[PDB]
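Please read the structure below before turning to the comments.
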Amino acid sequence: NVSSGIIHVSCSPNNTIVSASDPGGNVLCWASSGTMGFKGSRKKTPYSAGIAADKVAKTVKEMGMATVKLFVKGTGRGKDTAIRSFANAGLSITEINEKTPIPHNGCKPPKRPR
RNA sequence: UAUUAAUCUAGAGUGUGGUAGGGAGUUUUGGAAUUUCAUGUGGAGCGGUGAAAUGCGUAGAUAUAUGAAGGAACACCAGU
Ligand SMILES: [Mg+2]
Ligand SMILES: [Mg+2]
């Protein structure tokens, strides 16, 4: 019932999440590779991210919005598959802002696996 | 060569004039980010891996927005 909104596309290296939300807080729908039905390691493939983006795009288009600001987050692999899925869905993409957390040399990261 | 009695400025210092620095200690201040807590939206997974399983989750997790608390370290500048 709202024309403009935000789409948070978080791409973890292990999984992906797409949350369609009102311009200020109050997420309106959400989807992820797990809710798609993919399980285990298949959740981290770009195709699963595209599937999740397509489902959420169809859902929110039937809900009836037009303009989307796409907030890209994380450092996965299928970071652009969701972008192309939304573009193919056809919602008016206005902004491509990226908001993956960057630190200013605070907090100690985990150990390096070997 | 050593000792003694002296002179000299070229070694080494001192003064005046230019001057570059993440040199050191003490006392205040700041912003990103993680975590926890509080309050809204939401509804089945999240997390993790070579693949999974312990684990967290309908007592409403992951996500999203706002606020508070505290701790540690100070992106970019940053380098033939
Ligand atoms: Mg590790
Ligand atoms: Mg916050």
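Starting from 1 in every chain, residues are counted up; chains themselves are A, B, ... following the order of the structure tokens, and ligands are numbered from 1 as listed.
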
**Study point:** Contact set, chain B to chain A: 7 Å, only C-alpha atoms (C1' of nucleotides), as a VMD selection string
**Key:** chain B and resid 32 to 34 41 to 42 45 63 to 65 72 to 75

Check your understanding: Given a cut-off of 10 Å, what residues near ligand 1 show up using only C-alpha atoms (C1' of nucleotides) and all ligand atoms, put as a count of residues only?
Key -> 7

Any chance you could list, as a PDB file with N, CA and C atoms, in the first residue's frame, the residues in stretch 30-99 of chain A that come up strand (DSSP E) when DSSP is run on the backbone?
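See result05.pdb below for the written result:
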```
ATOM      1  N   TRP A  30       9.850 -10.427   4.099  1.00  0.00           N
ATOM      2  CA  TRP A  30      11.223 -10.906   4.104  1.00  0.00           C
ATOM      3  C   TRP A  30      11.282 -12.303   3.510  1.00  0.00           C
ATOM      4  N   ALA A  31      12.462 -12.661   3.011  1.00  0.00           N
ATOM      5  CA  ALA A  31      12.698 -13.982   2.450  1.00  0.00           C
ATOM      6  C   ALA A  31      14.186 -14.281   2.518  1.00  0.00           C
ATOM      7  N   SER A  32      14.521 -15.558   2.379  1.00  0.00           N
ATOM      8  CA  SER A  32      15.909 -15.985   2.462  1.00  0.00           C
ATOM      9  C   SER A  32      16.056 -17.313   1.739  1.00  0.00           C
ATOM     10  N   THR A  67       8.870   2.359  -6.352  1.00  0.00           N
ATOM     11  CA  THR A  67      10.251   2.811  -6.240  1.00  0.00           C
ATOM     12  C   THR A  67      10.937   2.153  -5.050  1.00  0.00           C
ATOM     13  N   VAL A  68      12.159   1.676  -5.276  1.00  0.00           N
ATOM     14  CA  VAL A  68      12.923   0.945  -4.277  1.00  0.00           C
ATOM     15  C   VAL A  68      14.325   1.533  -4.194  1.00  0.00           C
ATOM     16  N   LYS A  69      14.782   1.792  -2.973  1.00  0.00           N
ATOM     17  CA  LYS A  69      16.188   2.053  -2.698  1.00  0.00           C
ATOM     18  C   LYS A  69      16.800   0.759  -2.178  1.00  0.00           C
ATOM     19  N   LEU A  70      17.821   0.258  -2.866  1.00  0.00           N
ATOM     20  CA  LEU A  70      18.350  -1.074  -2.598  1.00  0.00           C
ATOM     21  C   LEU A  70      19.619  -0.948  -1.763  1.00  0.00           C
ATOM     22  N   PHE A  71      19.519  -1.327  -0.489  1.00  0.00           N
ATOM     23  CA  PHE A  71      20.627  -1.252   0.462  1.00  0.00           C
ATOM     24  C   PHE A  71      21.344  -2.594   0.449  1.00  0.00           C
ATOM     25  N   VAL A  72      22.509  -2.625  -0.194  1.00  0.00           N
ATOM     26  CA  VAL A  72      23.275  -3.859  -0.299  1.00  0.00           C
ATOM     27  C   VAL A  72      24.214  -3.979   0.892  1.00  0.00           C
ATOM     28  N   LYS A  73      24.248  -5.162   1.499  1.00  0.00           N
ATOM     29  CA  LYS A  73      25.002  -5.388   2.721  1.00  0.00           C
ATOM     30  C   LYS A  73      25.735  -6.716   2.612  1.00  0.00           C
ATOM     31  N   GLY A  74      26.841  -6.831   3.340  1.00  0.00           N
ATOM     32  CA  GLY A  74      27.561  -8.085   3.410  1.00  0.00           C
ATOM     33  C   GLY A  74      28.569  -8.262   2.291  1.00  0.00           C
ATOM     34  N   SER A  92      11.319   0.351  -9.926  1.00  0.00           N
ATOM     35  CA  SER A  92      12.167   1.504 -10.213  1.00  0.00           C
ATOM     36  C   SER A  92      13.265   1.575  -9.160  1.00  0.00           C
ATOM     37  N   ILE A  93      14.470   1.154  -9.532  1.00  0.00           N
ATOM     38  CA  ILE A  93      15.617   1.214  -8.633  1.00  0.00           C
ATOM     39  C   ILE A  93      16.145   2.642  -8.620  1.00  0.00           C
ATOM     40  N   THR A  94      16.095   3.284  -7.454  1.00  0.00           N
ATOM     41  CA  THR A  94      16.538   4.666  -7.333  1.00  0.00           C
ATOM     42  C   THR A  94      17.949   4.801  -6.784  1.00  0.00           C
ATOM     43  N   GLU A  95      18.296   4.039  -5.752  1.00  0.00           N
ATOM     44  CA  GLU A  95      19.594   4.154  -5.110  1.00  0.00           C
ATOM     45  C   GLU A  95      20.210   2.770  -4.975  1.00  0.00           C
TER      46      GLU A  95
END
```

Exercise for review: Show which residues sit within 10 Å of residue A:63, as an MDAnalysis selection string. Count only C-alpha atoms (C1' of nucleotides), and ignore same-chain residues fewer than 5 positions away.
Suggested key: chainID A and resid 1:3 28:29 57:58

Practice item. Take atom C1' of residue B:30 and atom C1' of residue B:79 and report the distance between them in Å, one decimal. Key: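 Separating atom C1' of residue B:30 from atom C1' of residue B:79 is a distance of 26.7 Å.
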